[PDB]
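Q: Below is one structure. I have some questions about it.
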Number of protein chains: 2
Amino acid sequence: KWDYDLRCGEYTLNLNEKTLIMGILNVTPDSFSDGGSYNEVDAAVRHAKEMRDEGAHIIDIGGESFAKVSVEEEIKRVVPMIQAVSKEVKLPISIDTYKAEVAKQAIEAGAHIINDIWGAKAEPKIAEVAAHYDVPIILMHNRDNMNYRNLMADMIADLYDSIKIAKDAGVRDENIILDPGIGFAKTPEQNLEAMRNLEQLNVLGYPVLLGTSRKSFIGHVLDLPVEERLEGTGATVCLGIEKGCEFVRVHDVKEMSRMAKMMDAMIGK
Amino acid sequence: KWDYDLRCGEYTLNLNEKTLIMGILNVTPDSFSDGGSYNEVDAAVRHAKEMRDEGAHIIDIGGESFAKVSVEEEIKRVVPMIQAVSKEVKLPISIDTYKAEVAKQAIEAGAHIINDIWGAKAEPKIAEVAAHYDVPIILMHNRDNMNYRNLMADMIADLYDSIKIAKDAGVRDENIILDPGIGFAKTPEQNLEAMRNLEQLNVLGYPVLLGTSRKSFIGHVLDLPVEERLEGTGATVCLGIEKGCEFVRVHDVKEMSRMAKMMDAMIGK
Ligand SMILES: CNc1nc(N)[nH]c(=O)c1[N+](=O)[O-]
Ligand SMILES: CNc1nc(N)[nH]c(=O)c1[N+](=O)[O-]
């Protein structure tokens, strides 16, 4: 399906061999620090190690989500975490940020991939940062409103607008990944419709990452709280893989890695 | 999709509303009994109650699987269990047997559905029993050999041979359910191919039940023992539902009911 691998500097990810698991780093800050304090960084490193041991392929690290923080404060949180994880855990790191300056400092600190929940629309200079460092960037579907004329047609148009911003900044096709933004600017009903129709995104010709883990729409369907959503997350991961996604972004790496390996064997990936 | 409901005597199962969950009753016999002894029956009733509370729609009960047993001995085991479950748990019961006489006595004891792992081929009179009591019968794909010319084409031919045996005995179309027999007369590789192609079975025009729970092919893929196959079972259940199956036969009812409910919401069932 893919005639290239994802080049992540010292690491390379094959897009044809298996579904790639992105583990969500828990990044809980210490209350009396703005810092790369031992407790907060050590906890993050331990968590990165555990996700690696349970089958993660990428570690996703962010700096907001928790005391309110300015850009300078966000960088001071995320940089020490990227530095320590990048030294201690041999996996590529994605930086979860929509801000150009955070992206830039995170890459300088050791991050390999930019993960942007606003798809280069909140701060278009992030695509300039991406193009310059020659890193993959994930362009997620998101909007400041839910006024769809036609959900899937509109998602694809919106994503194409993100692709144009990136390509116009010099991002190469091989460095673009798309994501439907499940749970962003969508009703519960719309998140289900997007899942049901996820294979449409494949027409744009880029790899697709799916983020559904523990999201409210699963709670809407099952009437279950956040800590009781493993089975529902699982269903979303399996459907996403059947519909052709190359990556899943998940909290529960052990369980979802197993589900994904089984799905891969069945579909012939 | 279906213009009829499954009529199960006092119970009715709708085939359009949700994926139907068949819970596998654990049926462990007491060693010094041939009997409906208290320990063995009480344990079965407790297990049926738990599966009901966790979302099961049907309870599957068998008499072999454990001391060796003749037909008379198999009936003496299963009848007391069917009697007690049928009195205490308000769900339809399927009798897991390929033997005409067991089926007949089980229905007399209160069973609603015949679940036949040999698809009326081991004892064709079982279809006569089915037609007479006007009960649904599950015709599973099975063979005494793995010599396929072409796996899916051969499974469909084999299943059609089962359908012909049932219809020739007077079984009505509305009382036929098919099952691909995952883990029967198939290599691990063939069980994966069958999963990947399960939607072909839908051309025959009958509802489909999928049984994958905890099976060796999942162990083959994940290199995990029987008690560590929940995530793999889950993947198989999700793929089966996406490929249009109406029932799943499972050990872990809580977890698989949740997965199935989420899948149903996504696919628009
Ligand atoms: C950084 N956060 C995310 N990133 C991507 N790419 N997709 C998501 O669904 C989410 N998410 O749900 O939070
Ligand atoms: C009674 N046992 C079964 N019955 C059906 N219908 N399908 C199965 O896969 C199995 N099974 O795997 O054991």
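Q: Within region B:42-57, can one find any residue that is assigned to a loop (DSSP other than H, G, I, E, B), surrounded by fewer than 19 Cβ atoms within 10 Å (Cβ to Cβ) and either within 16 Å of ligand 2 (Cβ to nearest atom) or within 14 Å of chain A (Cβ to nearest Cβ) (or both)?
A: yes
Q: Something else now. How many residues, within region B:214-240, are crowded, with 24+ Cβ neighbours inside 10 Å and within 15 Å of ligand 2 (Cβ to nearest atom)?
A: 8
The rows are residues; the columns are (1) more than 23 Å from A:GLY211 (Cα to Cα); (2) more than 14 Å from the chain's Cα centre (by Cα); (3) crowded, with 17+ Cβ neighbours inside 10 Å.
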| residue | (1), (2), (3) |
| --- | --- |
| A:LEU91 | no, yes, yes |
| A:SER94 | no, no, yes |
| A:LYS99 | no, yes, yes |
| A:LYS121 | no, yes, yes |
| A:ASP134 | yes, yes, no |
| A:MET140 | no, no, yes |
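Q: Checking the structure you have, find out if any residue of region B:144-167 is among the aromatic types (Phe, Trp, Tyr), away from ligand 1 (no atom under 16 Å from the Cβ) and in contact with an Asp or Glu (Cβ under 7 Å, 6 or more places away or on another chain).
A: Scanning region B:144-167 turns up at least one residue that is among the aromatic types (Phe, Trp, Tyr), away from ligand 1 (no atom under 16 Å from the Cβ) and in contact with an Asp or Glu (Cβ under 7 Å, 6 or more places away or on another chain).
Q: Based on this model, can you work out whether A:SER86 counts as within 16 Å of ligand 1 (Cβ to nearest atom) and either in a helix (DSSP H, G or I) or out of contact with any strand residue (DSSP E or B) (no Cβ under 8 Å at 6 or more places or on another chain) (or both)?
A: When the stated conditions are applied, A:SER86 does not pass them.
Q: Restricting attention to region B:179-194, does a residue exist that is away from chain A (no Cβ under 12 Å), crowded, with 24+ Cβ neighbours inside 10 Å and not polar (S, T, N, Q)?
A: Yes, region B:179-194 has at least one match.
Q: Restrict the check to region A:54-68 and report whether at least one residue is under 22 Å from A:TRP118 (Cβ atoms), within 16 Å of ligand 1 (Cβ to nearest atom) and among the basic types (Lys, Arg).
A: no
Q: Can you tell which of A:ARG172, A:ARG249 is more than 9 Å from chain B (Cβ to nearest Cβ), buried (at least 23 other Cβ atoms within 10 Å of the Cβ) and basic (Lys, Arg)?
A: So the residue among A:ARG172, A:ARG249 that is more than 9 Å from chain B (Cβ to nearest Cβ), buried (at least 23 other Cβ atoms within 10 Å of the Cβ) and basic (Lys, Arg) is A:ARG249.
Q: Might you check whether a residue that is among the acidic types (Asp, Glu) and surrounded by fewer than 24 Cβ atoms within 10 Å (Cβ to Cβ) occurs anywhere in region A:198-210?
A: yes
Q: Okay, next question. On the given criteria, is A:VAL78 touching a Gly at 6+ places or on another chain (Cβ under 6 Å), within 13 Å of ligand 1 (Cβ to nearest atom) and either in a helix (DSSP H, G or I) or not hydroxyl-bearing (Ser, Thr, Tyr) (or both)?
A: yes
So that you can scan it fast, the table gives a plain yes or no per residue for (1) in contact with a helix residue (DSSP H, G or I) (Cβ under 8 Å, 6 or more places away or on another chain); (2) aliphatic (A, V, I, L, M):
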{"residue": "A:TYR160", "(1), (2)": "yes, no"}
{"residue": "A:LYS167", "(1), (2)": "yes, no"}
{"residue": "A:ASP173", "(1), (2)": "yes, no"}
{"residue": "A:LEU178", "(1), (2)": "yes, yes"}
{"residue": "A:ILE182", "(1), (2)": "yes, yes"}
{"residue": "A:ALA185", "(1), (2)": "no, yes"}
{"residue": "A:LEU192", "(1), (2)": "yes, yes"}
{"residue": "A:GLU199", "(1), (2)": "no, no"}
{"residue": "A:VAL203", "(1), (2)": "yes, yes"}
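Q: Another question, if that's okay. Do any residues in region B:225-238 that are among the charged types (D, E, K, R) have Cβ atoms under 6 Å from those of residues that are in a helix (DSSP H, G or I) and surrounded by 24 or more Cβ atoms within 10 Å (Cβ to Cβ), where the two are at least six apart or on different chains, and which pairs are they?
A: Between residues of region B:225-238 that are among the charged types (D, E, K, R) and residues that are in a helix (DSSP H, G or I) and surrounded by 24 or more Cβ atoms within 10 Å (Cβ to Cβ), the close pairs are B:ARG229/B:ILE218; B:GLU231/A:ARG258; B:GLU231/A:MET259.
Please note: Cβ atoms are built from the backbone with ideal geometry, for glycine as well, and neighbour counts cover all protein chains shown. Only the coordinates and a few stated rules stand behind these numbers; no lab work does.
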